[PDB]
Amino acid sequence: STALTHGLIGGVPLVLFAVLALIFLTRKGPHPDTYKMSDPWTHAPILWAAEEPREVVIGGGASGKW
Amino acid sequence: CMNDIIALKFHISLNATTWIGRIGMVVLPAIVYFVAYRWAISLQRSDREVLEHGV
Amino acid sequence: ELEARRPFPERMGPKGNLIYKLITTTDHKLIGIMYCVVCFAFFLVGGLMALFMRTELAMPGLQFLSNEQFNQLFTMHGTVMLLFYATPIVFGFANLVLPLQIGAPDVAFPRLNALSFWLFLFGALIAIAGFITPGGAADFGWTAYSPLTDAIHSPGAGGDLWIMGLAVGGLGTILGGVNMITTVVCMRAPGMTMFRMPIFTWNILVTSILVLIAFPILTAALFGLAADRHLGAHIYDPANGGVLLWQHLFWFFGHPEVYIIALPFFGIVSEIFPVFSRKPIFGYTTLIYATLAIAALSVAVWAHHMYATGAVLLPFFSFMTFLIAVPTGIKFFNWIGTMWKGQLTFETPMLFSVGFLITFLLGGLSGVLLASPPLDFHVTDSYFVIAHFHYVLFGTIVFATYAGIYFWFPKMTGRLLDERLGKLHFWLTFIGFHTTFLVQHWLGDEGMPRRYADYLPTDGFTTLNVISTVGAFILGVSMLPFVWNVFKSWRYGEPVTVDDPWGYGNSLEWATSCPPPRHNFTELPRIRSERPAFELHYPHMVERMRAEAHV
Amino acid sequence: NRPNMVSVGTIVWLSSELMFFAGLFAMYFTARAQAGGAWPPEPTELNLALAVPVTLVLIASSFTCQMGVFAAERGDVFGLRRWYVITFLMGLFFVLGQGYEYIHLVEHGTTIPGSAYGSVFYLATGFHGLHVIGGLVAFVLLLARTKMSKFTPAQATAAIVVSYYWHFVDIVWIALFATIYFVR
Amino acid sequence: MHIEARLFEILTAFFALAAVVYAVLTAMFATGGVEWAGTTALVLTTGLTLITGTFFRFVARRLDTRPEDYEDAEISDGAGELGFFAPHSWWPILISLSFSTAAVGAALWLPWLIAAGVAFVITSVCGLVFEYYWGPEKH
Amino acid sequence: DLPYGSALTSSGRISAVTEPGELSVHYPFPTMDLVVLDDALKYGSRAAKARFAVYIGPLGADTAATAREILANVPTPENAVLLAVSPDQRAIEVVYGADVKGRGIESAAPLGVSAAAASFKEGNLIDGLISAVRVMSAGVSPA
Amino acid sequence: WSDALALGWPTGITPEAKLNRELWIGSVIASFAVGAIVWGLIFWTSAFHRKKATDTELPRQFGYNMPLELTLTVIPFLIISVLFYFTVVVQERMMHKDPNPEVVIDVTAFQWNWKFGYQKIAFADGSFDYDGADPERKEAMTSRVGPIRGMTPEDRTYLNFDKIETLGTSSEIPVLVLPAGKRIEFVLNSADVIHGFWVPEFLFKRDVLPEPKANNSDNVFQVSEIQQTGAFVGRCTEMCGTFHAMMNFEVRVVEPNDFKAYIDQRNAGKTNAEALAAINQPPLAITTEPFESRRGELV
Ligand code: HEA
Ligand code: HEA
Ligand SMILES: CCCCCCCCCCCCCCCC(=O)O[C@H](COC(=O)CCCCCCC[C@@H](C)CCCCCCCCC)COP(=O)(O)O[C@H]1[C@H](O)[C@H](O)[C@@H](O)[C@@H](O)[C@@H]1O
Ligand SMILES: CCCCCCCCCCCCCCCC(=O)OC[C@H](C)OC(=O)CCCCCCCC[C@@H](C)CCCCCCCC
Ligand SMILES: CCCCCCCCCCCCCC(=O)O[C@H](COC(=O)CCCCCCCCCCC)COP(=O)(O)O
Ligand SMILES: CCCCCCCCCCCCC
Ligand SMILES: CCCCCCCCCCCCC
Ligand SMILES: CCCCCCCCCCCCC
Ligand SMILES: CCCCCCCCCCCCC
Ligand SMILES: CCCCCCCCCCCCC
Ligand SMILES: [Ca+2]
Ligand SMILES: [Cu+2]
Ligand SMILES: [Cu+2]
Ligand SMILES: [Cu+2]
Ligand SMILES: [Mg+2]
């Protein structure tokens with residue numbers, strides 16, 4: 001017929017896309033799980049610094065505890 | 001103004017040339033502004049690269 | 001030992017970081033990237049043309065297209081895929097890694113390299129610009145058979161733009177081939193002998209030789225066609241013997257041209273299989289001989305496209321065409337032998353390479369069926385032929401192209417494409433391709449000729465055409481995940497801080513940072529075999545590879 | 001101690017350029033086999049009283065071009081300029097001689113639309129004449145570069161590769177001249 | 001560089017054999033006699049590999065072993081200046097635009113556009129050739 | 001001592017590899033949260049012309065003397081402001097060089113301590129660092 | 001089943017088609033056997049050679065097996081050599097031409113339809129002889145110095161004309177009537193461009209060329225006989241312009257006595273449609289129908 005032909009052309013690719021996306025995009029990626037405070041800090045020490053401005057006597061500091 | 005002359009020589013529909021100029025009258029100036037603004041700043045970066053590194 | 005790093009790498013350069021580079025760059029790395037984006041835009045443009053035809057062929061009768069528009073569609077669809085997507089991306093991968101593979105800082109002629117890109121971009125635009133003319137673009141097929149292309153039978157300007165656009169792009173391809181031969185001969189690093197280069201480098205050098213034979217004769221033939229159409233010449237006049245004169249020259253160009261877009265993608269999978277199998281490429285020496293034999297044989301088998309003309313020496317071309325299947329079969333045994341007794345992990349670059357093996361074989365098996373004139377007498381100019389070059393091109397210029405893109409994306413960008421999104425893309429592509437192209441074998445055998453805009457309800461072609469139409473739209477929606485992956489992973493992808501994100505790379509590009517510096521190398525290792533990076537990263541395995549090399 | 005990169009690039013491209021003339025040669029031979037016994041047919045009357053002196057001038061231009069290479073390899077920029085100017089003049093004479101042949105052939109009824117022989121003859125010889133004109137442009141561009149900077153080895157390399165193209169053009173004409181005016 | 005031309009001589013022999021075999025096989029028991037289009041293409045295809053192979057044969061026997069032609073060379077053997085490589089140039093895009101202008105004129109058969117394109121190509125090619133040779137302005 | 005697949009090159013650079021399908025960075029934070037912190041660090045440093053740094057790990061027993069040593073690793077430590085955080089120590093050590101002295105860091109550093117501590121109580125490490133960097137950078141002048 | 005292994009190939013109505021179909025089935029069987037072996041090897045290494053979780057050392061680093069490599073270049077050579085021999089055998093039989101055909105058909109292809117002419121009929125049993133050559137209209141095309149061997153490109157003398165001709169129309173599919181069990185000779189000539197003469201039941205096709213002699217093309221092919229009566233569709237296969245898909249034809253096969261009756265009707269001034277009705281046959285084509293002249297459904 002004619003309604004079935006348009007239904008298969010427009011329907012099957014979308015149905016297949018949804019089924020395959022549910023199979024693959026719902027899996028867990030290689031990204032590490034977000035760290036939680038209640039868990040110990042088992043990761044290696046992290047030092048982050050900005051690259052700006054583009055390129056040792058201290059001037060002071062402060063303390064704090066949460 | 002030369003759309004009729006361009007249409008005959010370059011095989012373009014006369015109706016198309018009117019609408020190309022009509023739509024381009026609003027779209028092309030926007031494209032050129034964005035390109036020129038990026039181009040002008042990019043030449044500044046090109047001038048800088050010579051300054052800290054030489055020719 | 002605390003070394004300061006940014007929390008995340010910079011997503012994009014500042015304002016003005018790219019626009020002046022694009023028009024002034026002589027860097028092969030940027031130019032190679034510029035070839036992938038534009039060739040992937042043309043691939044998208046040409047794919048829309050096939051979607052229009054495939055939608056029209058779903059039902060009998062002309063629903064929205066005319067005969068003229070459909071005729072223009074497969075001509076331009078084929079021209080864009082063969083000359084505007086496949087041929088340039090051969091040099092797209094060449095500028096990405098070949099100087100890295102041979103330990104070179106640059107190509108032989110950096111400015112000539114940039115000239116090829118722009119000659120190719122403006123030449124492709126000229127041919128496509130026929131669609132804005134009232135008559136339309138070329139409608140005589142990409143083969144451009146004579147005297148159908150004569151001014152009497154093709155008076156429109158769309159055909160003339162098609163001829164001149166091909167000439168401009170062909171000049172860029174010739175110059176690119178000249179650049180690649182010179183670069184391999186003169187820019188090799190110390191200790192990198194001819195028989196230590198990667199298979200991809202060998203394939204590109206051999207392919208560039210095929211360009212210099214095929215493309216100049218195509219340019220000569222096109223200029224003769226332009227003389228007929230504009231000067232009233234008699235080059236291709238049937239009374240003068242021009243019907244077969246055009247076919248002979250065009251197929252002397254054309255069949256060497258399809259190995260210009262086959263051998264480099266044979267090299268791409270030849271680079272990927274050893275990495276993910278944790279084993280050295282099987283028959284490294286023999287693969288070079290197989291490539292050379294394929295290149296040599298492809299020059300004297302042109303007339304197997306002209307079986308039905310009744311004007312060619314059948315035994316000569318039939319036999320030599322059968323000979324090509326032997327070195328091609330050798331490549332399968334080396335690729336399987338490489339995977340044999342390995343440690344396969346099946347990442348996305350490896351997954352696409354395996355799809356190549358499955359897809360290319362079925363198209364190859366149809367090739368020997370067509371190589372025999374008796375069987376070709378019934379299936380030529382039909383959809384069985386359409387099924388042959390679609391199984392056998394798709395594997396090389398899509399499956400191996402995607403495998404190379406996933407393989408070398410961390411190298412050229414320093415970011416990893418998402419694997420979950422890549423697996424979805426691969427399976428969508430595989431299922432859609434097979435669904436839309438499996439039934440076309442039956443259609444051509446049943447009696448449906450190629451290049452038909454319409455058929456009749458009593459012809460018995462409706463059911464298989466609908467199935468092919470469903471699969472083609474799956475290929476259309478298979479395009480979205482890969483585009484999304486490239487768009488997202490180019491700024492927010494997983495950072496690459498190592499030289500070899502795949503662990504067991506063999507060629508020299510994996511012995512440098514991701515991305516490589518401006519001159520590609522801050523140091524070079526000792527070159528003693530065809531896996532310098534593997535030796536550099538695993539010195540303890542050097543003794544084992546020499547001892548276990550022979551079975 | 002290393003191969004000349006520009007020389008390798010020029011020789012590689014020169015080999016590819018020969019396939020362009022292969023297509024033109026195929027057209028001439030295909031039309032010759034369909035001639036039927038008259039090749040060239042009437043009223044085409046080729047005259048060797050003009051082609052032979054024109055061909056000899058082009059051949060002699062190769063010797064003076066080679067002399068400029070020897071001067072270039074010797075480091076004598078002035079000797080290179082003198083020989084390449086002489087080569088340019090004889091190459092220009094070849095173009096004028098071919099055009100003067102073209103004018104008389106057209107007046108006698110041999111034109112591109114006139115006959116199949118006219119189509120192949122003018123395409124084969126005309127495209128070669130275009131290559132000669134391109135070679136004359138290369139001589140002018142190279143000589144203009146000689147007045148811009150001191151004579152360097154890279155500049156001497158550019159002189160050598162230009163002579164490679166000129167020698168290629170001269171050799172192709174000998175094949176064209178023998179095939180058209182003798183193998184009828 | 002003995003391997004590079006051995007590649008071309010190997011291709012040369014096969015092309016010469018195919019050209020000879022095809023011409024002879026078309027001369028006999030083939031309609032119309034010798035098929036000239038394929039024979040001419042095959043014969044001059046041998047020429048392409050012959051010229052490149054012969055040149056590489058002459059270059060190879062002049063110079064001794066290069067560091068990349070050694071079976072056990074060290075990275076330090078290649079120390080030194082490699083040569084001149086252009087850092088940047090916008091001339092190549094102008095050459096292509098100049099050539100595309102001529103092609104469009106030839107496609108639509110506009111002699112004025114063809115003449116403009118040829119003049120543009122000559123000027124664009126002149127800029128590329130003279131780019132790294134123009135001296136300082138003299139005032 | 002080098003990791004598996006890592007080699008020391010002739011130029012002194014380390015050529016490392018990672019297993020296929022694995023990551024080379026693997027910070028235990030979401031990718032988009034890292035982008036926000038990088039923007040806060042990059043634009044906060046630009047607005048104050050002082051390099052802002054963030055440290056996440058231990059700080060010895062007297063946190064204050066560990067931060068001091070840690071700040072020596074930041075490029076241009078004299079013009080740097082380092083925020084050290086020790087989840088196991090549950091403390092917030094902030095140190096800055098002599099070039100930042102007198103530019104308003106004295107008023108902002110306790111505020112950055114207070115901002116970080118408030119978000120840390122809610123179980124948000126990256127959010128606390130982002131908040132602390134923002135308030136400290138806004139309180140430091142390019143002088 | 002042969003139909004499943006034929007992959008849509010028609011059974012055939014001529015002995016040449018039967019021989020061609022037999023070659024196709026054997027080659028497909030050979031191709032499938034090779035493909036199954038290679039696919040099995042690919043699937044075997046993909047399922048049993050994957051990296052395990054209990055392996056620490058890299059696998060054996062072998063990359064050269066000379067005895068295996070030499071063996072794997074001879075076996076493919078043997079298969080193609082066997083296939084080439086049977087390929088040469090079949091094409092010699094299919095291209096064989098008898099000096100004494102029983103029916104000679106002039107096939108004239110043009111843009112965009114067909115014309116069928118009866119050049120000569122000479123039954124082997126001598127019950128029907130007819131000479132349909134029309135040389136007083138072939139000499140009227142001469143056009144004549146000339147650009148090509150003294151002739152202008154409008155010479156058209158290469159075409160053949162006959163007294164009884166079936167001319168194709170846009171609203172009438174041309175039907176070619178042939179006798180069953182008789183040797184048929186087809187002479188193909190094209191007016192303008194290249195067309196395609198394909199009957200799927202013949203399992204064979206040849207391109208229709210303008211000036212076939214000047215292009216060294218053998219435009220004549222013969223079938224030994226047609227083994228059954230009926231109607232079979234024919235299509236153009238070579239891209240010939242706008243209406244390349246709308247110039248189909250039909251071949252009607254009837255009994256020798258029926259064919260003789262039909263030719264007499266055509267000689268009596270009857271058109272193709274009414275002459276077919278005179279022998280109790282449908283006047284129009286039944287396998288195909290004329291395409292609607294309208295350019296589409298949106299017109
Ligand atoms: C070489 C590579 C190549 C590739 C990749 C393809 C890709 C496809 N082609 Fe092929 N094709 C050829 C080479 C190729 N083709 C050649 C050489 C011919 C000869 C034609 C001739 O006779 O002249 C041919 C002709 C041809 C035919 C024969 C038609 C006929 O004769 O009547 C068919 C039949 O369906 C076909 C279909 C397809 C389909 C469905 C795809 C699928 O790849 C398409 C799906 C891909 C897409 C990319 C879809 C696009 C999706 C989008 C979402 C685009 C959106 C973009 C914008 C909005 C800007 N093409
Ligand atoms: C990627 C491009 C590509 C490649 C690689 C090939 C490879 C082959 N092709 Fe071709 N071909 C095309 C692109 C390609 N082709 C295109 C685009 C057309 C139509 C153009 C047009 O009309 O527009 C075409 C058309 C075409 C024709 C003409 C069809 C016709 O129009 O009638 C023929 C006939 O000989 C042919 C045969 C072959 C053969 C034998 C191979 C062989 O190289 C394949 C051999 C491979 C194998 C055999 C598999 C591996 C082997 C083994 C595992 C051992 C098995 C051994 C045996 C079975 C003996 N193809
Ligand atoms: C100066 C550049 C400025 C460009 C800037 C960007 C703006 C571009 C906007 C795009 C314009 C497209 C809209 C035109 C839509 C429109 O109205 O036109 C139609 C016909 O479609 C078309 O043409 C569409 C094709 C348009 C081409 C794309 C534009 C890009 C060009 C401009 C690039 C040029 C190259 C650069 C120049 C170099 C200079 C260097 C800087 C129908 O007309 P008609 O002709 O009546 O057809 C009848 C049927 O309709 C009816 O059914 C029936 O079938 C019949 O009656 C039929 O006749
Ligand atoms: C942004 C402008 C885009 C231009 C428009 C093209 C953008 C095209 C994308 C949507 C339209 C195509 C989807 C539907 C087509 C269809 O079924 O029938 C529609 C019409 C009845 O049939 C046509 O024939 C339409 C035009 C054919 C394409 C012109 C090719 C352009 C040549 C290039 C030189 C463009 C340069 C851009 C230059 C960019 C700006 C430079 C300053
Ligand atoms: C076309 C003129 C032919 C004259 C016959 C003799 C042939 C040799 C001429 C030598 C010219 C030297 C000029 C020179 O050194 O100036 C140089 C600069 O020349 C140029 O930049 C342009 C030269 C002309 C370009 C030609 C383009 C078109 C070619 C047409 C070919 C038919 C000297 O520059 P300078 O200021 O001294 O650094
Ligand atoms: C991924 C494999 C897809 C296979 C599609 C082919 C289906 C053929 C069905 C034919 C039905 C005829 C009525
Ligand atoms: C190498 C030839 C492959 C043939 C594949 C055929 C696909 C099956 C189609 C079934 C149609 C049933 C009506
Ligand atoms: C058809 C009779 C023999 C024709 C032979 C033509 C050969 C032409 C080659 C000339 C090569 C000159 C260098
Ligand atoms: C029976 C005559 C044989 C002629 C063979 C000629 C081979 C091709 C010649 C090409 C010459 C190109 C310059
Ligand atoms: C009577 C029709 C039966 C259908 C036969 C289908 C054959 C399918 C073969 C699939 C081969 C895939 C490589
Ligand atoms: Ca339809
Ligand atoms: Cu082929
Ligand atoms: Cu037709
Ligand atoms: Cu047709
Ligand atoms: Mg065909």
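In each ligand, atom 1 is the first atom listed, and ligand 1 is the first ligand listed. Each chain gets a letter, A, B and so on, in the order its sequence line appears, and its residues count up from 1.
- With respect to atom 2 (C) of ligand 7, the closest heavy atom belonging to the protein is G/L7 CD1, 3.8 Å.
- Below 30°, between 30° and 60°, or above 60°: for C/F319 and G/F84 the angle between ring planes is between 30° and 60°, a tilted geometry.
- In this structure, atom 5 (C) of ligand 8 lies nearest to the protein heavy atom E/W36 CH2, 4.1 Å.
- Listed for the G/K205 side chain is a donor-acceptor partner under 3.5 Å among the backbone atoms of C/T380.
- Ring planes of D/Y117 and D/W39: perpendicular class, angle over 60° (limits at 30 and 60°).
- Among protein heavy atoms, atom 7 (C) of ligand 7 sits closest to C/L438 O, 3.4 Å.
- C/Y85 places none of its side-chain heavy atoms less than 4.5 Å from the side chain of C/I261.
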Steps toward side-chain hydrogen bond (donor to acceptor under 3.5 Å, both in side chains) verdict (E/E35, C/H248): CA-CA 10 Å; E/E35 190 276 331; C/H248 274 296; 3.1 Å; yes
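- The pair G/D3-G/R21 counts as a salt bridge, with a side-chain nitrogen and a carboxylate oxygen less than 4.0 angstrom apart.
- Against a heavy-atom cut-off of under 4.0 Å, D/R32 is close to the following atoms of ligand 8: 1 (C), 2 (C), 4 (C).
- For atom 25 (C) of ligand 2, the nearest protein heavy atom (residue, atom name, distance) is C/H305 CE1, 3.3 Å.
- For ligand 2, the atoms lying closer than 4.0 Å to a non-hydrogen atom of G/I80 are 59 (C).
- By the 4.5 Å heavy-atom criterion applied to side chains, C/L357 and G/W39 are not counted as neighbours.
- Of the residues listed (C/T173, C/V211, C/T87, C/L218), the one engaging C/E257 in a side chain to side chain contact (heavy atoms under 4.5 Å, CB included) is C/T87, and it is the only one.
- Inter-residue side-chain proximity for C/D381 and C/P449 is flagged as unmet; no heavy-atom pair is nearer than 4.5 Å.
- Heavy atoms of C/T380 found under 4.0 angstrom from ligand 2 belong to the backbone as well as the side chain.
- Atoms of ligand 2 found under 4.0 Å from any heavy atom of C/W251 (numbered from 1 in listed order, with element): 20 (C), 21 (C), 22 (O).
- For atom 49 (C) of ligand 2, the candidate residues are C/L361, C/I260, C/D381, C/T321; the nearest heavy-atom contact is made by C/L361.
- Between G/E238 and G/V208 the shortest side-chain heavy-atom distance does not fall below 4.5 Å.
- Ring pair G/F204/C/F377 is perpendicular by interplanar angle, where above 60° counts as perpendicular and below 30° as parallel.
- Ligand 2 places these atoms under 4.0 Å from at least one heavy atom of C/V368: 40 (C), 48 (C).
- Listed for the C/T207 side chain is a donor-acceptor partner under 3.5 Å among the backbone atoms of C/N203.
- Annotation: atom 15 (N) of ligand 2 to nearest protein heavy atom, C/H388 NE2, 3.3 Å.
- The aromatic rings of C/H305 and C/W251 sit parallel, their planes meeting at an angle under 30°, below the 60° perpendicular limit.
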Working for side-chain contact (heavy atoms from CB on, under 4.5 Å), residues C/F389 and C/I386: CA-CA 6 Å; C/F389 62 79; C/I386 281 171; 3.8 Å; yes
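- The atoms of ligand 8 that sit less than 4.0 Å from any heavy atom of D/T179 are 10 (C).
- Counting heavy atoms only, C/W142 comes closest to atom 21 (C) of ligand 2 of the residues C/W142, C/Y391, C/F333.
- Looking at C/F250 and C/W302, their side chains never come closer than 4.5 Å, going by heavy atoms from C-beta outward.
- For the pair E/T26 (side chain) and E/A23 (backbone), a donor-acceptor distance under 3.5 Å is present.
- For atom 8 (C) of ligand 8, the closest non-hydrogen atom on the protein side is D/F29 CZ, 3.9 Å.
- In terms of protein heavy atoms, atom 1 (C) of ligand 7 is closest to C/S366 OG, 3.6 Å.
- Atom 9 (C) of ligand 7 has as its closest protein heavy atom C/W442 CE3, 3.7 Å.
- For atom 57 (C) of ligand 2, the protein comes within 4.0 Å by no heavy atom at all.
- Looking at G/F84 against ligand 2, nothing comes within 4.0 Å, counting heavy atoms.
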Test log, rule side-chain contact (heavy atoms from CB on, under 4.5 Å), inputs G/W9 and C/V379: CA-CA 9 Å; G/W9 275 66; C/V379 290; 3.6 Å; yes
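- D/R32 and D/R184 make their closest contact through NE-O, 2.6 Å (heavy atoms, listed as atom of the first residue, atom of the second, distance).
- Among C/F266, C/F389, C/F332, the residue whose heavy atom lies closest to atom 17 (C) of ligand 2 is C/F389.
- Annotation: atom 13 (C) of ligand 8 to nearest protein heavy atom, D/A175 CA, 4.4 Å.
- With a 4.0 Å heavy-atom cut-off, ligand 2 is reached by the side chain of C/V385 but not by its N, CA, C or O.
- In the vicinity of D/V183, heavy-atom distances shorter than 4.0 Å reach the ligand 8 atoms 6 (C).
- Closest protein heavy atom to atom 1 (C) of ligand 2: C/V392 O, 3.4 Å.
- Residue C/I324 approaches ligand 2 through these ligand atoms, each under 4.0 Å from one of its heavy atoms: 43 (O).
- By the 3.5 Å distance cut-off applied to N or O atoms, C/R450 is counted among the residues near ligand 2.
- Atom 10 (Fe) of ligand 2 has no N, O or S atom of C/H304 under 2.8 Å away, backbone or side chain.
- Contacts with ligand 2 closer than 4.0 Å are made by side-chain heavy atoms of C/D376 only, the backbone lying farther away.
- Taking a 4.0 Å cut-off on heavy atoms, C/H390 fails to register as neighbouring ligand 2.
- Closest heavy-atom approach to atom 44 (C) of ligand 2 within the set C/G364, C/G78, C/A262: this belongs to C/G364.
- Counting the atoms of ligand 2 from 1 in the order shown, those under 4.0 Å from a heavy atom of C/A371 are 34 (C), 35 (O).
- For atom 38 (C) of ligand 2, the nearest protein heavy atom (residue, atom name, distance) is C/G367 CA, 3.8 Å.
- Protein heavy atom nearest atom 43 (O) of ligand 2, with residue, atom name and distance: C/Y259 OH, 3.2 Å.
- By the 30° and 60° cut-offs, the orientation of the rings of C/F266 relative to C/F356 is tilted.
- The nearest protein atom to atom 51 (C) of ligand 2, hydrogens excluded, is given as C/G329 CA, 3.4 Å; this is a heavy-atom distance.
- Protein heavy atom at the shortest distance from atom 55 (C) of ligand 2 is G/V34 CG1, 3.8 Å.
- Of all the atoms in ligand 2, the ones that sit under 4.0 Å from a non-hydrogen atom of C/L370 are 33 (C), 34 (C), 35 (O).
- The aromatic ring centroids of C/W340 and C/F273 lie 6.0 Å or more from each other.
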